[PDB]
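Enquirer: Got a structure for you, questions after.
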Amino acid sequence: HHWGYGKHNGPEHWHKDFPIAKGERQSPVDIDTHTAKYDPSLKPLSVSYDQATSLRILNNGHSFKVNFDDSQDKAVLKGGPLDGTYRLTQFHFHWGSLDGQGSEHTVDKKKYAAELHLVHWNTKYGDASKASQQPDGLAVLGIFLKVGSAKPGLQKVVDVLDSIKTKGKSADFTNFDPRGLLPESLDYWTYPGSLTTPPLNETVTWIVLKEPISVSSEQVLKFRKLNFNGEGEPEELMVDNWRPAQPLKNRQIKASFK
Ligand SMILES: C=CCN1CCC[C@@H]1CNC(=O)c1cc(S(N)(=O)=O)cc(OC)c1OC
Ligand SMILES: [Zn+2]
């Protein structure tokens, strides 16, 4: 009876195995754009993905994940609210059954069709496991997806999903450039939060870009053909793999922009 996104194992159940689900620093949140304050103390954000080394793509039964060689400083995030150097380790998505839902963060209660999470760890903690336990150990760059025009930089991901339909399947995914998933603007909101999946560690600095990327209906339809189930189990389409907004509690969301 392990965690998932169903009626019987979904986000309303996770607190029983992971009591921090009802904590003071949970993610995602609704971003109230009126409440969020411009922060002039935020340093320039640096998304340095030129030397990224993608390795594999994996269906983990929750999402699909692209992992990166993070054995040295290749693709890194620094600046903005961050101190020091955070290495890209993986990206994955969250998406819906319909184009009006799928994102984890919301913006003035607006849900997007999907959300991309680029997961990074603080190199002062030497590895991602040790980082994942420190209050400033992880940084996740969140990008909303809306349905409209195709995103050419996403198509190499969409075209391999056929090969990883079921939980436990992986494929080679070398020479993928995550710069092709970024919008033009790096305007962002930031707040202290958590992983949005078990174990829900309160160890994430969230950086959520204001500008969504457009993807086509054909691209998001391909996400919805994935399966939560393993090969030769009953088919359960991998859709609505998002946690809803959690209480903001005593936190401030800071904007990088006026
Ligand atoms: C080695 C453990 C820590 N690394 C770095 C932080 C997240 C990652 C561990 N967990 C994940 O890979 C993982 C993380 C997230 S999330 N939205 O970043 O919390 C989502 C997921 O699948 C919807 C994941 O797989 C279940
Ligand atoms: Zn995520």
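Enquirer: Rounded to whole Å and ordered largest first, report the semi-axes of the equivalent ellipsoid of the range 150-254 derived from its Cα gyration tensor (root of 5λ).
Expert: 28, 21, 13
Enquirer: Could you state the principal axis extents of the C-alpha atoms in the range 11-134, from the largest down, to the nearest angstrom?
Expert: Over the range 11-134, Cα extents along the principal axes are 41, 37, 31 Å.
Enquirer: Taking θ as phi - 60°, what are the ³J(HN,Hα) couplings along the range 35-45 by the Karplus curve (6.51, -1.76, 1.60), each to the nearest whole Hz, with x for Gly and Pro?
Expert: With coefficients 6.51, -1.76 and 1.60, one gets 7, 4, 9, 4, 10, x, 6, 5, 5, x, 6 Hz.
Enquirer: Sticking with this structure for a sec: In the neighborhood of residue 124, defined by Cβ-to-Cβ distances under 10 Å, what is the net charge if each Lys or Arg adds +1 and each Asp or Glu adds -1?
Expert: On the way: positive: 130; negative: 83, 136.
That works out to -1.
Enquirer: So what is the relative contact order for the range 83-213, in percent, with contacts set as C-alpha pairs under 8 Å and at least six apart?
Expert: Numbers: 252 pairs, mean separation 29.4, N = 131.
This gives 22 percent for the range 83-213.
Enquirer: If you average the alpha carbon positions of the range 1-36 and of the range 56-105, how far apart do those two centres end up, in angstrom?
Expert: Each part reduced to its Cα centre gives a spacing of 18 Å.
Enquirer: Using only the Cα atoms of the chain, each taken as one equal point scatterer with no solvent, compute I(q) by the Debye sum, divide by I(0), and report log10 of the ratio at q = 0.09, 0.12, 0.15, 0.17 Å⁻¹.
Expert: Per q value, in the given order, log10 I(q)/I(0) is -0.36, -0.68, -1.12, -1.51.
Enquirer: Do the alpha carbons of any pairs in 16/110; 65/167; 110/167; 37/109; 43/109 sit beyond 21 Å of each other, and which pairs?
Expert: 16/110; 110/167; 43/109
Enquirer: What is the log10 of I(q)/I(0) for the range 1-55, computed with the Debye formula using one identical point scatterer on each Cα and no solvent, at q = 0.14, 0.28, 0.30 Å⁻¹?
Expert: Debye output, listed in q order: -0.78, -1.14, -1.25.
Enquirer: Please compute the length gained on full extension between residue 177 and residue 32, using 0.36 nm multiplied by the number of residues separating them and subtracting their Cα-Cα distance.
Expert: 49.0 nm
Enquirer: To the nearest 500 deg cm²/dmol, what mean residue ellipticity at 222 nm is calculated for the chain from DSSP H runs of n ≥ 4 alone, each contributing -39,500 (n - 2.57), summed and divided by the residues? Walk me through the numbers before you get to the answer.
Expert: Working: 3 runs with 15 residues, N = 258.
My calculation for the chain gives -1000 deg cm²/dmol from helical runs alone.
Enquirer: In whole Hz, with x marking every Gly and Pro, tabulate ³J(HN,Hα) for the range 174-182 from phi via Karplus 6.51 cos²θ - 1.76 cosθ + 1.60, θ = phi - 60°.
Expert: With the stated coefficients, the range 174-182 comes to 6, 6, 8, 9, x, 4, x, 9, 8 Hz.
Only the coordinates and a few stated rules stand behind these numbers; no lab work does. Positions of Cβ are backbone-derived with ideal geometry, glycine not excepted, and every protein chain shown enters the neighbour counts.
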